[PDB]
Each structure stands twice: as structure tokens, then as C-alpha cells.
């Protein structure tokens, strides 16, 4: 009812999940001013999200993402030019506007065999914080950071969502592919790969075999390699709609 209407609203809050939204309803928490008067019952994630509820509802325009992307890439280069960083999402595909920034990062020092180098990711975050670009943290793991940023005002911009994922180097390409989308695209490409005798996922590309249940990741140094494996002309991100 006009109350379910309530769980509907809550959930619009980053951090506020259903189960999580449900309880808040059992506490008599419904509107947003409810929430604001009730910070104490929210985790840090939900707090931030509530803090920036509005801003989060706005889309990001390419002219913006561009600048965003330059800040991010230039910082990372300064720490260590060996670092690889790519901004994915529709944006990579030439989208005109976006919902958030999604950065994928890797480093030759870190491969799927290592598996433990938080510093690699932290360092960048810190750097971003120090520059005044990242402004808050929603959560921050050993492999993934979820926060908020904002373009430097010279006078102001909304706060935007940003995520930085640390992926091993030997799995990066597949990963960039993957986060590049579109969804259909992925689907069709995985479909084709299969016809060719291969299985792809966001981490690897592996040859099939008898009965099907088969594998052993092939080496990938770039997106191009994946396409070559399945022998399809290479598709630039823009031609990736489907």
C-alpha cells in the first residue's frame, strides 16, 4: 500500500537494501526526514548515501566524466606509471551521460597468483583523497573501493559515485571487457566464443573440451587478444551496443 510505497522509497537509498529497508519500517522509519532524524540506526554506508541522496539521483554528463577521468588518470600516473587504469561503463562506449564512475586498476606486481596487496589499491585512494577528489568512503575492501567524489569547484558540482576495483593483471582485459558491456554484447560474444570452443567470463577465457566441463585460461595482454582467440574482428567499444 501507500506504506509499501515506503519500503519503496527507502531502498532508493544506497546502502538501503530490502531486509535492511524492511526493519527500518518496523521502527517507524518511512520518509527521509525520518531517516535524517535517525542517523544512529544506519550503518556508515547508508549514512553517506542518505547524505547524498539527491546528488545521487543526477546523471553524469560526458563533459564531466571526462574531467573526472583525467584527474584519476593523472594521479595514478604520478604514483607509478606502471599502474594500469581504465574507466569502463557505457562511458567507455561513448555514452553521452553516465550514472557513476567505474575504474578498473591493475599492476604487473599483482597477479592472480599473489592475491594480497591492498596497499596497491589504498595508495591510489589516499592519493585521490589528498587531492580533494574523493570525498567520502562508502566501504573500502582489499580489492574494491566504493565512495564519492566531486569535481573541483573554482567558485558547484554534485557528488558522484565512484568505484575502483583492483584486478590482477592476468585477468584485467577480460575484466575491462566485461565491465565495458553492453550486456547484450557480452551475451552475444560469450555465445559466439562458445561456438568456437571457448568459455569466457569476467576473469578468463578458456578452451572447452569433451563433455564440456573444461578449462585452463589462455594468456590475455589486451582486449584484442580475446577477439583473436575467437576470431572475430575486433570491436571498438562504441560498436558494442549488441
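Each form is matched to the other, and the largest set of C-alpha atoms that superpose within 1.5 Å is called the rigid core. Numbering follows the first chain given and starts at 1.
Engineer: Comparing 210 to 218 with 54 to 62, which has C-alphas lying farther from the shown form in 8 other deposited structures of this protein once the core is aligned?
Structural biologist: Stretch with the larger root mean square C-alpha distance in 8 other deposited structures of this protein: 210 to 218.
Engineer: Count, per the entry, the deposited residues between residue 155 and residue 156 that are not modelled, and return the matching class: none, 1 to 3, 4 to 9, or 10 or more.
Structural biologist: The entry leaves 1 to 3 residues without coordinates here.
Engineer: On mean C-alpha B-factor from the PDB entry, just flag whether 136 to 144 or 120 to 128 is the higher one.
Structural biologist: Averaged over C-alpha atoms, the B-factors run higher in 136 to 144.
Engineer: If you average the CA temperature factors as listed in the entry, which stretch comes out higher, 207 to 215 or 173 to 181?
Structural biologist: Higher mean C-alpha B-factor: 207 to 215.
Engineer: So if I compare the CA B-factors in the entry for 59, 51, 37, 45, which one is the largest?
Structural biologist: If I rank 59, 51, 37, 45 by C-alpha B-factor, first place goes to 37.
Engineer: If you rank the chain by CA B-factor, which third does residue 230 end up in: lowest, middle or highest?
Structural biologist: Middle third, going by the recorded CA B-factors of the chain.
Engineer: Ordered by C-alpha B-factor within the chain, which third holds residue 100? Give me lowest, middle or highest, please.
Structural biologist: Middle third, going by the recorded CA B-factors of the chain.
Engineer: Ordered by C-alpha B-factor within the chain, which third holds residue 106? Give me lowest, middle or highest, please.
Structural biologist: CA B-factor rank for residue 106: lowest third.
Engineer: Mind checking which third residue 113 falls in for C-alpha B-factor across the chain?
Structural biologist: It falls in the top third of the chain.
Engineer: Select lowest, middle or highest to describe the third in which the CA B-factor of residue 65 falls within its chain in this entry.
Structural biologist: For residue 65, the deposited C-alpha B-factor lands in the lowest third.
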